[PDB]
Structures are given as C-alpha cells and as structure tokens.
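Structure first, then comments.
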Amino acid sequence: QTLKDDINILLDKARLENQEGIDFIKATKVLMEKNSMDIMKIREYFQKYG
Amino acid sequence: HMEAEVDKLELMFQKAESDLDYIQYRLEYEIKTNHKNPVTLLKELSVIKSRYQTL
C-alpha cells in the first residue's frame, strides 16, 4: 500500500513538473511578445525621435 | 535387553514418520481437491519495487 502511495505520489510530482514546465514556456513566450514590441517601439523611436 | 529397548525406540520413530507422512498426505489431498499464490507475488513485488526507483 505504502508502495502504491509513493509510486502514485511521484507520478503526481511528474505530472506537475511537466505542467509547471509546459506553462512557463508559454508564460515566457508572452513576455517575449511584450518585450519584442517594447524594443520595436524603442527602436522606431530612436531612429526618428518624433 | 537394551537392544529390546532400542527396538522399541526405532519402532516409535517409524511411527512418528508415518504419522508425519499422513498429515502431509492429507494436506496434499485437501490441496488437490480445491481448484495467485505468494510465490509469484514476491517476484512481482521486486519488479515493481525496482522500476519505481529506476523511474
């Protein structure tokens, strides 16, 4: 029983780490789009200034 | 004399043996007449208790 607990318990930590992972990459890939505009907005600015 | 006593002792042992032999014979009979087991259960429990630590 205790063995089926551990073997279950572990499976849980892995279900998670695949998750806590599978949305980081997307949670990071949204700050990417934000920092990608924020440069392109800074770049478009410094070329002209106005 | 003592030889006679020993003849008895030997006789008793022989009985004890066929006593034991019967008890066994019966258990085997009750066993045959009905239809898992702990034997393969141990092998299975080592296969799991292993690939748990591997995984």
Task: Every residue from region A:7-50 that is under 16 Å from the mean Cα position of the chain (by Cα) and small (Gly, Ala, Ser) - done: A:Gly21, A:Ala27, A:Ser36
Task: Cross-chain or 6+ apart pairs with Cβ under 8 Å, region B:34-55 first and more than 10 Å from every other protein chain (Cβ to nearest Cβ) and within 22 Å of A:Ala14 (Cβ to Cβ), then assigned to a helix (DSSP H, G or I) and not hydrophobic (A, V, I, L, M, F, W, C) - done: none
- [ ] Please enumerate the residues belonging to region B:22-43 that are among the acidic types (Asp, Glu) and surrounded by 10 or more Cβ atoms within 10 Å (Cβ to Cβ).
- [x] B:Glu28
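Residue by residue, here is whether (1) surrounded by 10 or more Cβ atoms within 10 Å (Cβ to Cβ); (2) among the polar types (S, T, N, Q); (3) not in a helix (DSSP H, G or I) holds:
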residue	(1), (2), (3)
A:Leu16	yes, no, no
A:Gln19	yes, yes, no
A:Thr28	no, yes, no
A:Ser36	yes, yes, no
A:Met40	yes, no, no
A:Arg43	no, no, no
TODO: Working only within region A:1-44, note down all residues that are more than 14 Å from chain B (Cβ to nearest Cβ) and either small (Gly, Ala, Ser) or at positive phi (or both).
DONE: A:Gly21, A:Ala27, A:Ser36
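No value in this document is a laboratory result; all are computed from the given coordinates. Here Cβ is always computed from backbone atoms with ideal geometry, including for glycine, and neighbour counts include all displayed protein chains.
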